[PDB]
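Heads up, the thing below is written out as structure tokens.
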Amino acid sequence: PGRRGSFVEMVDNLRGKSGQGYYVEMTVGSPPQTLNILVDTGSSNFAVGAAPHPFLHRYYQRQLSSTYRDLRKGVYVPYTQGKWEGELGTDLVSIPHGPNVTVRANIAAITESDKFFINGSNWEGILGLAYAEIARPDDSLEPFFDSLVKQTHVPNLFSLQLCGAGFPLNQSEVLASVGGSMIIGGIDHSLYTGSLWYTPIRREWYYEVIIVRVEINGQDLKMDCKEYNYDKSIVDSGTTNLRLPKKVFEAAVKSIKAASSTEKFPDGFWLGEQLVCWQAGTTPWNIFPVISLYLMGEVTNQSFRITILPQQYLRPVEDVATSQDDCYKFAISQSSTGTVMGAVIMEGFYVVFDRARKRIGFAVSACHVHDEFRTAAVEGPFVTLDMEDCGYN
Ligand SMILES: CC(=O)N[C@@H](Cc1cc(F)cc(F)c1)[C@H](O)[C@H]1CO[C@@H](OCC2CCCCC2)CN1
């Protein structure tokens, strides 16, 4: 049965890449002010540059919006490395390649920042799609998506198809290239192959999930499953890498090194800091293992697995000489804040944030990078016992 794509107006509305983020075009204010906004499932504030910055070519000008409302309150958001200081307000917001609706939403006008804006990313703001619990200053600041659902007939769901190119893109290349899709209010069936498998959203704060088993080329990492979710496991479009808890990262890297041992790489490569290059077209994908993350299913005692390739966890980067070599960074790194299923993982799949049914769907992406021998996979069911015990308290 042929799968039909019913959300053509929202298909291909994203641009960007895993390293600098995926963004969607939005307008704020009256008359509309066009801004490129980073799509972030790992935070809950909608904020835009609202003052000059060396990395900003445009920003929100509140004095030019007739519909701007001042909330007379400051707001501060600290991320993993970046942070910003802003002024709260509300204004009319639209997504030109989104639903044909305009909503009044909370907007944090960024006045000061540190390592937030990325030089040449082409985005000027952030769209925090997660829940009110993690919004700053507190959970009374209604996130954008909650406003959107409350004010319109848009269903309480969005889905993301993040499309990694498999090769580097310069600033002009990301501007001219399609980066993927953000389908607001539905599931577009042309964006995936095979079946959608659903994992429950453990708690509505981050998009929190439970990992029950981890495999490197079919080999069980054999850790107590609590370790995989210590202190939580989240699906995060706003983080580049697959980030793993310290103990899990150390076990995974030992296994990935063992599986790829026909070639030796410097410590800086495994630390995710140093690039590794191969002659054009000769990347030895086959020496690197596949990685399987088993997720709690919706049916009691049932799990399913998502499998990524090195085409996902090896992030394409440009060489210092901009040569013809194919270069990459190891996009798996240590975390002190739980598992982070970042953009490099999401690039393998069509990810459904079904807020209505408190679940996250995964299916093989129609735009995942692969080779003629292996593809990413979403498979199940597996009989897995005491999966609730994997959750950390
Ligand atoms: C890389 C990165 O920081 N990605 C960010 C988004 C983000 C992207 C970016 F390109 C620059 C930046 F400064 C921030 C993402 O939100 C991460 C942030 O860390 C974790 O969330 C912490 C949470 C605490 C309460 C306030 C909201 C954030 C997990 N999610």
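Numbers here simply count residues along the sequence, with the first being 1. Remember, it's 1-based here, ligands and their atoms both numbered in the order they're listed.
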- Of the listed options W123, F117, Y206, closest to atom 9 (C) of ligand 1 (non-hydrogen atoms): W123

- Query: Quick one: which of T337, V77, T240, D236 has a heavy atom closest to atom 29 (C) of ligand 1?
  - Reply: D236

- Query: Does an N or O from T80, backbone or side chain, lie closer than 3.5 Å to an N or O of ligand 1?
  - Reply: yes

- Query: Can you check whether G238 has an N/O within less than 3.5 Å of an N/O in ligand 1?
  - Reply: yes

Below 30° counts as parallel, above 60° as perpendicular, anything between as tilted: where do the rings of [X] and [Y] land?
X    : Y    : answer
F158 : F353 : parallel
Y79  : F116 : parallel
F265 : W278 : perpendicular

- Task: Specify side chain, backbone, both or neither for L38, according to which of its non-hydrogen atoms lie closer than 4.0 Å to ligand 1.
- Result: side chain

- What do we get for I118 next to ligand 1 when only non-hydrogen atoms under 4.0 Å count, side chain, backbone, both or neither? side chain

- Task: Please say whether the positively charged group of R136, taken as NZ for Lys or CZ for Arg, lies over the ring of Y76, i.e. under 6.0 angstrom from the six-membered ring centre and within 45 degrees of the axis.
- Result: no

How far is [atom] from its nearest protein heavy atom, and which residue and atom is that?
atom                    : result
atom 12 (C) of ligand 1 : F116 CD1, 3.7 Å
atom 21 (O) of ligand 1 : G42 O, 3.3 Å
atom 14 (C) of ligand 1 : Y79 CG, 3.5 Å
atom 25 (C) of ligand 1 : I134 O, 3.9 Å
atom 6 (C) of ligand 1  : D40 OD2, 3.3 Å

- Is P245 close to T339 at the side-chain level, that is, under 4.5 Å between some pair of heavy atoms? yes

Output the list of atoms in ligand 1 that are nearer than 4.0 Å to some heavy atom of [X], sorted by atom number.
X    : answer
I234 : 29 (C)
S43  : 16 (O), 27 (C)
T239 : 4 (N), 17 (C)

- Message: I'd like to check the ring pair (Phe, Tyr, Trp, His ring centres under 6.0 Å) partners of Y131; sequence neighbours left out, ordered by chain and number.
- Response: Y207

Rounded to the nearest 0.5 Å, what separation is found between the [atom1] atom of [X] and the [atom2] atom of [Y]?
X    : Y    : atom1 : atom2 : answer
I107 : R104 : CD1   : CZ    : 8.5 Å
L129 : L38  : CG    : CG    : 9.5 Å
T41  : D236 : OG1   : CG    : 5.0 Å

